[PDB]
Amino acid sequence: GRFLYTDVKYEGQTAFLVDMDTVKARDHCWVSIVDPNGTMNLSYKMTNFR
Amino acid sequence: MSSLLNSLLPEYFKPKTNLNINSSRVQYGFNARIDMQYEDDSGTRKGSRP
Amino acid sequence: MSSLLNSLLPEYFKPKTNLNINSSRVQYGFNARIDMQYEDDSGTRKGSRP
């Protein structure tokens, strides 16, 4: 459940046009928001490995 | 070299003796708990993936 | 002996005057909250019975 930059599948330089209207909601916790505004800060902690 | 390859396993995991493999495919992973905290110009939101 | 048998009831419970019993069977108990924490050789897991 992570994103690597190699998923773009293009070595070299480019600019991306992100579709902000068609943002689907697959898995939603209470944290999950659709409309970001300004400087986005996300602080997560991982505990209880099994 | 047992002592070398035994060190690579994570500190929390200690596997048992036998393993009855009955297929040509095995998934291996862990069940972690994530405690996310979001902040932007609109406001704050706190969640938790159990 | 009121003062003797009154002492047996738990400190949190203080019952009201009247009780309209309308059957030959009465369940009595409490609704508690349990916060369990598990640890073994495989790893750790944390839950909560609300």
# chains A, B, ... in the order shown; residues from 1 in each chain; ligands from 1
$ interface_residues --of "chain C" --to "chain A" --cutoff "7 Å" --atoms "only C-alpha atoms" --output "PDB file with N, CA, C and O atoms, in the first residue's frame"
ATOM      1  N   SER C  42       5.313 -14.119  17.256  1.00  0.00           N
ATOM      2  CA  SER C  42       4.930 -13.617  15.907  1.00  0.00           C
ATOM      3  C   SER C  42       4.934 -12.081  15.891  1.00  0.00           C
ATOM      4  O   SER C  42       5.464 -11.508  14.918  1.00  0.00           O
ATOM      5  N   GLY C  43       4.364 -11.447  16.922  1.00  0.00           N
ATOM      6  CA  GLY C  43       4.355  -9.976  17.085  1.00  0.00           C
ATOM      7  C   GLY C  43       3.396  -9.506  18.166  1.00  0.00           C
ATOM      8  O   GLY C  43       3.117 -10.292  19.094  1.00  0.00           O
ATOM      9  N   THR C  44       2.923  -8.260  18.049  1.00  0.00           N
ATOM     10  CA  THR C  44       2.007  -7.570  19.003  1.00  0.00           C
ATOM     11  C   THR C  44       0.679  -7.269  18.299  1.00  0.00           C
ATOM     12  O   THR C  44       0.701  -7.048  17.070  1.00  0.00           O
ATOM     13  N   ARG C  45      -0.427  -7.265  19.050  1.00  0.00           N
ATOM     14  CA  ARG C  45      -1.773  -6.840  18.573  1.00  0.00           C
ATOM     15  C   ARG C  45      -2.542  -6.193  19.730  1.00  0.00           C
ATOM     16  O   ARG C  45      -2.539  -6.773  20.836  1.00  0.00           O
ATOM     17  N   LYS C  46      -3.175  -5.043  19.472  1.00  0.00           N
ATOM     18  CA  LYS C  46      -3.919  -4.221  20.464  1.00  0.00           C
ATOM     19  C   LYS C  46      -5.370  -4.058  19.997  1.00  0.00           C
ATOM     20  O   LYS C  46      -5.568  -3.699  18.818  1.00  0.00           O
TER      21      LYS C  46
END
$ select_by_dssp --residues "chain B" --states "strand (DSSP E)" --output "ChimeraX atom specification"
/B:33-34,37-39,44-46
$ write_last_selection --atoms "C-alpha atoms" --output "compact mmCIF listing (two decimals), in the first residue's frame"
# COMPACT_ATOMS: atom_id res chain seq x y z
CA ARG B 33 -1.68 -0.20 12.78
CA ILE B 34 -1.40 3.36 11.24
CA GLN B 37 -2.90 13.17 11.60
CA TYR B 38 -3.76 15.75 8.83
CA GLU B 39 -3.38 19.60 8.98
CA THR B 44 -7.21 19.72 11.20
CA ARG B 45 -8.49 16.08 10.85
CA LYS B 46 -7.37 12.96 12.88
$ interface_residues --of "chain B" --to "chain C" --cutoff "7 Å" --atoms "only C-alpha atoms" --output "PDB file with N, CA and C atoms, in the first residue's frame"
ATOM      1  N   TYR B  12      10.959  -8.919  15.694  1.00  0.00           N
ATOM      2  CA  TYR B  12       9.649  -9.330  16.271  1.00  0.00           C
ATOM      3  C   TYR B  12       9.290 -10.759  15.831  1.00  0.00           C
ATOM      4  N   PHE B  13       9.653 -11.154  14.603  1.00  0.00           N
ATOM      5  CA  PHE B  13       9.297 -12.465  13.993  1.00  0.00           C
ATOM      6  C   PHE B  13      10.322 -13.532  14.397  1.00  0.00           C
ATOM      7  N   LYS B  14       9.841 -14.645  14.963  1.00  0.00           N
ATOM      8  CA  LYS B  14      10.620 -15.880  15.257  1.00  0.00           C
ATOM      9  C   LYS B  14       9.812 -17.086  14.779  1.00  0.00           C
TER      10      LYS B  14
END
$ calpha_fit_and_write --fixed "chain C" --moving "chain B" --output "mmCIF file with C-alpha atoms, in the first residue's frame"
data_model
loop_
_atom_site.group_PDB
_atom_site.id
_atom_site.type_symbol
_atom_site.label_atom_id
_atom_site.label_comp_id
_atom_site.auth_asym_id
_atom_site.auth_seq_id
_atom_site.Cartn_x
_atom_site.Cartn_y
_atom_site.Cartn_z
ATOM 1 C CA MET B 1 -29.470 -5.775 59.687
ATOM 2 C CA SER B 2 -29.641 -2.994 56.996
ATOM 3 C CA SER B 3 -26.125 -1.432 57.537
ATOM 4 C CA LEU B 4 -24.506 -4.948 57.131
ATOM 5 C CA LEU B 5 -26.279 -5.983 53.840
ATOM 6 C CA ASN B 6 -26.112 -2.345 52.474
ATOM 7 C CA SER B 7 -22.230 -2.551 52.667
ATOM 8 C CA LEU B 8 -22.179 -5.631 50.282
ATOM 9 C CA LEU B 9 -23.382 -3.498 47.256
ATOM 10 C CA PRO B 10 -20.574 -2.022 45.055
ATOM 11 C CA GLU B 11 -19.364 1.595 45.758
ATOM 12 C CA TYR B 12 -20.435 2.896 42.250
ATOM 13 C CA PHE B 13 -24.073 1.541 42.512
ATOM 14 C CA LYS B 14 -26.667 3.483 44.637
ATOM 15 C CA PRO B 15 -30.203 2.168 43.834
ATOM 16 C CA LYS B 16 -33.436 4.308 43.854
ATOM 17 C CA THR B 17 -36.478 3.749 46.187
ATOM 18 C CA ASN B 18 -39.118 1.874 44.059
ATOM 19 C CA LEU B 19 -38.738 -1.189 41.718
ATOM 20 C CA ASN B 20 -41.818 -2.474 39.741
ATOM 21 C CA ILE B 21 -41.043 -6.267 39.453
ATOM 22 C CA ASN B 22 -43.469 -7.773 36.828
ATOM 23 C CA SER B 23 -41.919 -11.295 36.262
ATOM 24 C CA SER B 24 -40.470 -14.434 38.024
ATOM 25 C CA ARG B 25 -36.937 -13.796 36.528
ATOM 26 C CA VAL B 26 -34.523 -10.765 36.796
ATOM 27 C CA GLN B 27 -31.008 -10.460 35.221
ATOM 28 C CA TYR B 28 -28.605 -8.063 37.091
ATOM 29 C CA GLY B 29 -25.046 -7.086 35.975
ATOM 30 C CA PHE B 30 -22.870 -4.169 34.706
ATOM 31 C CA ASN B 31 -21.677 -2.785 31.294
ATOM 32 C CA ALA B 32 -17.815 -2.611 31.593
ATOM 33 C CA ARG B 33 -15.141 -1.572 28.983
ATOM 34 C CA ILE B 34 -12.156 -3.992 28.380
ATOM 35 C CA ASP B 35 -8.807 -2.749 26.847
ATOM 36 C CA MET B 36 -6.842 -5.947 25.877
ATOM 37 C CA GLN B 37 -3.146 -5.977 24.705
ATOM 38 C CA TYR B 38 -1.655 -9.204 23.148
ATOM 39 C CA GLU B 39 2.089 -10.085 22.642
ATOM 40 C CA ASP B 40 3.713 -13.377 21.389
ATOM 41 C CA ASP B 41 6.743 -14.511 19.234
ATOM 42 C CA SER B 42 4.931 -13.616 15.908
ATOM 43 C CA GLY B 43 4.357 -9.976 17.085
ATOM 44 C CA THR B 44 2.008 -7.572 19.002
ATOM 45 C CA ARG B 45 -1.773 -6.839 18.572
ATOM 46 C CA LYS B 46 -3.919 -4.221 20.465
ATOM 47 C CA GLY B 47 -7.783 -4.172 20.635
ATOM 48 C CA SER B 48 -10.705 -2.861 22.792
ATOM 49 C CA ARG B 49 -14.172 -4.335 23.692
ATOM 50 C CA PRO B 50 -16.367 -1.168 23.946
#
$ select_by_dssp --residues "chain A" --states "helix (DSSP H, G or I)" --output "count of residues only"
4
$ atom_distance --atom1 "atom CA of residue 31 of chain A" --atom2 "atom CA of residue 44 of chain A"
10.9 Å
$ atom_distance --atom1 "atom CA of residue 36 of chain A" --atom2 "atom CA of residue 12 of chain A"
28.4 Å
$ decode --residues "segment 1-49 of chain B" --atoms "N, CA and C atoms" --output "PDB file, in the first residue's frame"
ATOM      1  N   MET B   1      25.264 -20.405   5.146  1.00  0.00           N
ATOM      2  CA  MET B   1      25.668 -19.584   6.316  1.00  0.00           C
ATOM      3  C   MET B   1      24.396 -19.161   7.065  1.00  0.00           C
ATOM      4  N   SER B   2      23.998 -19.955   8.066  1.00  0.00           N
ATOM      5  CA  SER B   2      22.718 -19.841   8.814  1.00  0.00           C
ATOM      6  C   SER B   2      22.666 -18.514   9.580  1.00  0.00           C
ATOM      7  N   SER B   3      23.687 -18.246  10.405  1.00  0.00           N
ATOM      8  CA  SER B   3      23.804 -17.056  11.297  1.00  0.00           C
ATOM      9  C   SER B   3      23.710 -15.747  10.499  1.00  0.00           C
ATOM     10  N   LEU B   4      24.184 -15.728   9.245  1.00  0.00           N
ATOM     11  CA  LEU B   4      24.119 -14.547   8.338  1.00  0.00           C
ATOM     12  C   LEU B   4      22.666 -14.305   7.909  1.00  0.00           C
ATOM     13  N   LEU B   5      22.030 -15.307   7.287  1.00  0.00           N
ATOM     14  CA  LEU B   5      20.662 -15.202   6.703  1.00  0.00           C
ATOM     15  C   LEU B   5      19.601 -15.143   7.812  1.00  0.00           C
ATOM     16  N   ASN B   6      19.887 -15.692   9.000  1.00  0.00           N
ATOM     17  CA  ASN B   6      18.980 -15.659  10.181  1.00  0.00           C
ATOM     18  C   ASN B   6      18.856 -14.220  10.704  1.00  0.00           C
ATOM     19  N   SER B   7      19.919 -13.418  10.584  1.00  0.00           N
ATOM     20  CA  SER B   7      19.991 -12.002  11.047  1.00  0.00           C
ATOM     21  C   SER B   7      19.073 -11.095  10.209  1.00  0.00           C
ATOM     22  N   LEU B   8      18.806 -11.451   8.945  1.00  0.00           N
ATOM     23  CA  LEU B   8      18.011 -10.628   7.986  1.00  0.00           C
ATOM     24  C   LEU B   8      16.542 -10.537   8.422  1.00  0.00           C
ATOM     25  N   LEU B   9      16.005 -11.567   9.088  1.00  0.00           N
ATOM     26  CA  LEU B   9      14.592 -11.612   9.565  1.00  0.00           C
ATOM     27  C   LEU B   9      14.369 -10.510  10.602  1.00  0.00           C
ATOM     28  N   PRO B  10      13.151  -9.920  10.683  1.00  0.00           N
ATOM     29  CA  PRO B  10      12.873  -8.847  11.641  1.00  0.00           C
ATOM     30  C   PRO B  10      12.856  -9.354  13.092  1.00  0.00           C
ATOM     31  N   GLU B  11      13.199  -8.472  14.038  1.00  0.00           N
ATOM     32  CA  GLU B  11      13.421  -8.791  15.480  1.00  0.00           C
ATOM     33  C   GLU B  11      12.146  -9.366  16.122  1.00  0.00           C
ATOM     34  N   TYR B  12      10.959  -8.919  15.694  1.00  0.00           N
ATOM     35  CA  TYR B  12       9.649  -9.330  16.271  1.00  0.00           C
ATOM     36  C   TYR B  12       9.290 -10.759  15.831  1.00  0.00           C
ATOM     37  N   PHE B  13       9.653 -11.154  14.603  1.00  0.00           N
ATOM     38  CA  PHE B  13       9.297 -12.465  13.993  1.00  0.00           C
ATOM     39  C   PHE B  13      10.322 -13.532  14.397  1.00  0.00           C
ATOM     40  N   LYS B  14       9.841 -14.645  14.963  1.00  0.00           N
ATOM     41  CA  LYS B  14      10.620 -15.880  15.257  1.00  0.00           C
ATOM     42  C   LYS B  14       9.812 -17.086  14.779  1.00  0.00           C
ATOM     43  N   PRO B  15      10.097 -17.646  13.579  1.00  0.00           N
ATOM     44  CA  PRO B  15       9.250 -18.687  12.993  1.00  0.00           C
ATOM     45  C   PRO B  15       9.434 -20.060  13.657  1.00  0.00           C
ATOM     46  N   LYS B  16       8.392 -20.898  13.598  1.00  0.00           N
ATOM     47  CA  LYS B  16       8.372 -22.275  14.172  1.00  0.00           C
ATOM     48  C   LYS B  16       9.037 -23.244  13.180  1.00  0.00           C
ATOM     49  N   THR B  17       9.224 -24.501  13.596  1.00  0.00           N
ATOM     50  CA  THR B  17      10.074 -25.522  12.920  1.00  0.00           C
ATOM     51  C   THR B  17       9.497 -25.871  11.542  1.00  0.00           C
ATOM     52  N   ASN B  18       8.291 -26.451  11.512  1.00  0.00           N
ATOM     53  CA  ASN B  18       7.658 -27.043  10.299  1.00  0.00           C
ATOM     54  C   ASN B  18       6.851 -25.981   9.544  1.00  0.00           C
ATOM     55  N   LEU B  19       6.651 -26.197   8.237  1.00  0.00           N
ATOM     56  CA  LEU B  19       5.787 -25.373   7.346  1.00  0.00           C
ATOM     57  C   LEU B  19       5.293 -26.245   6.184  1.00  0.00           C
ATOM     58  N   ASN B  20       4.007 -26.614   6.196  1.00  0.00           N
ATOM     59  CA  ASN B  20       3.365 -27.492   5.180  1.00  0.00           C
ATOM     60  C   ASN B  20       2.961 -26.643   3.966  1.00  0.00           C
ATOM     61  N   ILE B  21       3.893 -26.439   3.027  1.00  0.00           N
ATOM     62  CA  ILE B  21       3.651 -25.733   1.731  1.00  0.00           C
ATOM     63  C   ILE B  21       2.859 -26.683   0.823  1.00  0.00           C
ATOM     64  N   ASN B  22       1.718 -26.222   0.295  1.00  0.00           N
ATOM     65  CA  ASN B  22       0.757 -27.033  -0.502  1.00  0.00           C
ATOM     66  C   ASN B  22       0.304 -26.247  -1.744  1.00  0.00           C
ATOM     67  N   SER B  23       1.177 -25.398  -2.299  1.00  0.00           N
ATOM     68  CA  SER B  23       0.903 -24.551  -3.493  1.00  0.00           C
ATOM     69  C   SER B  23       2.211 -24.012  -4.088  1.00  0.00           C
ATOM     70  N   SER B  24       2.125 -23.408  -5.280  1.00  0.00           N
ATOM     71  CA  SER B  24       3.251 -22.792  -6.032  1.00  0.00           C
ATOM     72  C   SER B  24       3.277 -21.267  -5.829  1.00  0.00           C
ATOM     73  N   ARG B  25       2.565 -20.747  -4.821  1.00  0.00           N
ATOM     74  CA  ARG B  25       2.458 -19.293  -4.531  1.00  0.00           C
ATOM     75  C   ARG B  25       2.201 -19.080  -3.034  1.00  0.00           C
ATOM     76  N   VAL B  26       2.984 -18.204  -2.398  1.00  0.00           N
ATOM     77  CA  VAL B  26       2.893 -17.856  -0.948  1.00  0.00           C
ATOM     78  C   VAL B  26       3.019 -16.332  -0.805  1.00  0.00           C
ATOM     79  N   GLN B  27       1.989 -15.677  -0.258  1.00  0.00           N
ATOM     80  CA  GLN B  27       2.055 -14.271   0.225  1.00  0.00           C
ATOM     81  C   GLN B  27       2.657 -14.271   1.633  1.00  0.00           C
ATOM     82  N   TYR B  28       3.533 -13.308   1.928  1.00  0.00           N
ATOM     83  CA  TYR B  28       4.114 -13.048   3.271  1.00  0.00           C
ATOM     84  C   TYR B  28       4.112 -11.535   3.522  1.00  0.00           C
ATOM     85  N   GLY B  29       3.775 -11.119   4.744  1.00  0.00           N
ATOM     86  CA  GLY B  29       3.660  -9.697   5.124  1.00  0.00           C
ATOM     87  C   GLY B  29       3.545  -9.507   6.624  1.00  0.00           C
ATOM     88  N   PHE B  30       2.900  -8.415   7.043  1.00  0.00           N
ATOM     89  CA  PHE B  30       2.563  -8.105   8.458  1.00  0.00           C
ATOM     90  C   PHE B  30       1.273  -7.280   8.513  1.00  0.00           C
ATOM     91  N   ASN B  31       0.559  -7.359   9.641  1.00  0.00           N
ATOM     92  CA  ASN B  31      -0.657  -6.560   9.949  1.00  0.00           C
ATOM     93  C   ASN B  31      -0.272  -5.442  10.929  1.00  0.00           C
ATOM     94  N   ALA B  32       0.008  -4.242  10.410  1.00  0.00           N
ATOM     95  CA  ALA B  32       0.414  -3.042  11.181  1.00  0.00           C
ATOM     96  C   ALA B  32      -0.810  -2.159  11.465  1.00  0.00           C
ATOM     97  N   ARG B  33      -0.661  -1.210  12.395  1.00  0.00           N
ATOM     98  CA  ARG B  33      -1.683  -0.198  12.781  1.00  0.00           C
ATOM     99  C   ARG B  33      -1.120   1.199  12.499  1.00  0.00           C
ATOM    100  N   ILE B  34      -1.826   2.001  11.694  1.00  0.00           N
ATOM    101  CA  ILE B  34      -1.396   3.360  11.237  1.00  0.00           C
ATOM    102  C   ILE B  34      -2.277   4.412  11.926  1.00  0.00           C
ATOM    103  N   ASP B  35      -1.655   5.411  12.567  1.00  0.00           N
ATOM    104  CA  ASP B  35      -2.328   6.541  13.268  1.00  0.00           C
ATOM    105  C   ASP B  35      -1.968   7.851  12.558  1.00  0.00           C
ATOM    106  N   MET B  36      -2.750   8.223  11.538  1.00  0.00           N
ATOM    107  CA  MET B  36      -2.523   9.422  10.682  1.00  0.00           C
ATOM    108  C   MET B  36      -3.071  10.674  11.382  1.00  0.00           C
ATOM    109  N   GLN B  37      -2.458  11.833  11.114  1.00  0.00           N
ATOM    110  CA  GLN B  37      -2.897  13.170  11.602  1.00  0.00           C
ATOM    111  C   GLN B  37      -2.666  14.203  10.489  1.00  0.00           C
ATOM    112  N   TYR B  38      -3.746  14.813   9.989  1.00  0.00           N
ATOM    113  CA  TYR B  38      -3.759  15.747   8.830  1.00  0.00           C
ATOM    114  C   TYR B  38      -3.960  17.187   9.322  1.00  0.00           C
ATOM    115  N   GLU B  39      -3.258  18.144   8.704  1.00  0.00           N
ATOM    116  CA  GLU B  39      -3.383  19.605   8.976  1.00  0.00           C
ATOM    117  C   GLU B  39      -3.132  20.389   7.682  1.00  0.00           C
ATOM    118  N   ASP B  40      -4.031  21.325   7.352  1.00  0.00           N
ATOM    119  CA  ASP B  40      -3.914  22.254   6.194  1.00  0.00           C
ATOM    120  C   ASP B  40      -4.554  23.598   6.575  1.00  0.00           C
ATOM    121  N   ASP B  41      -4.749  24.500   5.604  1.00  0.00           N
ATOM    122  CA  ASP B  41      -5.264  25.882   5.824  1.00  0.00           C
ATOM    123  C   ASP B  41      -6.744  25.848   6.230  1.00  0.00           C
ATOM    124  N   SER B  42      -7.525  24.888   5.717  1.00  0.00           N
ATOM    125  CA  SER B  42      -8.968  24.707   6.032  1.00  0.00           C
ATOM    126  C   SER B  42      -9.148  24.323   7.508  1.00  0.00           C
ATOM    127  N   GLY B  43      -8.329  23.391   8.013  1.00  0.00           N
ATOM    128  CA  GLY B  43      -8.331  22.974   9.431  1.00  0.00           C
ATOM    129  C   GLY B  43      -7.527  21.705   9.675  1.00  0.00           C
ATOM    130  N   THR B  44      -7.874  20.970  10.738  1.00  0.00           N
ATOM    131  CA  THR B  44      -7.208  19.718  11.196  1.00  0.00           C
ATOM    132  C   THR B  44      -8.199  18.552  11.093  1.00  0.00           C
ATOM    133  N   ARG B  45      -7.698  17.341  10.831  1.00  0.00           N
ATOM    134  CA  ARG B  45      -8.485  16.076  10.852  1.00  0.00           C
ATOM    135  C   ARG B  45      -7.587  14.925  11.320  1.00  0.00           C
ATOM    136  N   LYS B  46      -8.092  14.096  12.240  1.00  0.00           N
ATOM    137  CA  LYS B  46      -7.367  12.962  12.876  1.00  0.00           C
ATOM    138  C   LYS B  46      -8.141  11.665  12.617  1.00  0.00           C
ATOM    139  N   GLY B  47      -7.444  10.619  12.152  1.00  0.00           N
ATOM    140  CA  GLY B  47      -8.005   9.279  11.882  1.00  0.00           C
ATOM    141  C   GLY B  47      -7.091   8.173  12.386  1.00  0.00           C
ATOM    142  N   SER B  48      -7.397   6.921  12.024  1.00  0.00           N
ATOM    143  CA  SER B  48      -6.652   5.708  12.451  1.00  0.00           C
ATOM    144  C   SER B  48      -7.084   4.494  11.615  1.00  0.00           C
ATOM    145  N   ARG B  49      -6.153   3.909  10.853  1.00  0.00           N
ATOM    146  CA  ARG B  49      -6.335   2.619  10.136  1.00  0.00           C
ATOM    147  C   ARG B  49      -6.051   1.487  11.124  1.00  0.00           C
TER     148      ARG B  49
END
